[PDB]
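S.K.:
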Amino acid sequence: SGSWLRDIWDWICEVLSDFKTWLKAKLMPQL
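The C-terminal position of the sequence shown is numbered 31 in the deposited numbering, with every residue numbered one higher than the one before it.
(1) So what's residue 9 in DSSP terms, helix, strand or just coil?
(2) Whole angstroms is fine: what's the gap from residue 7's alpha carbon to residue 30's?
(3) Three-state secondary structure (DSSP) at residue 4?
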């Protein structure tokens, strides 16, 4: 039934979401 610390990836993915949006805007060239 249980596989592993699947929910554990949310502690890093949920907190790194704001960091991704900030980088996605800085990496986007002129459009």
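The beta-carbon is built from N, C-alpha and C at its ideal position, and this holds for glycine as well.
M.R.: If we stick to the structure as given:
(1) helix
(2) 37 Å
(3) coil
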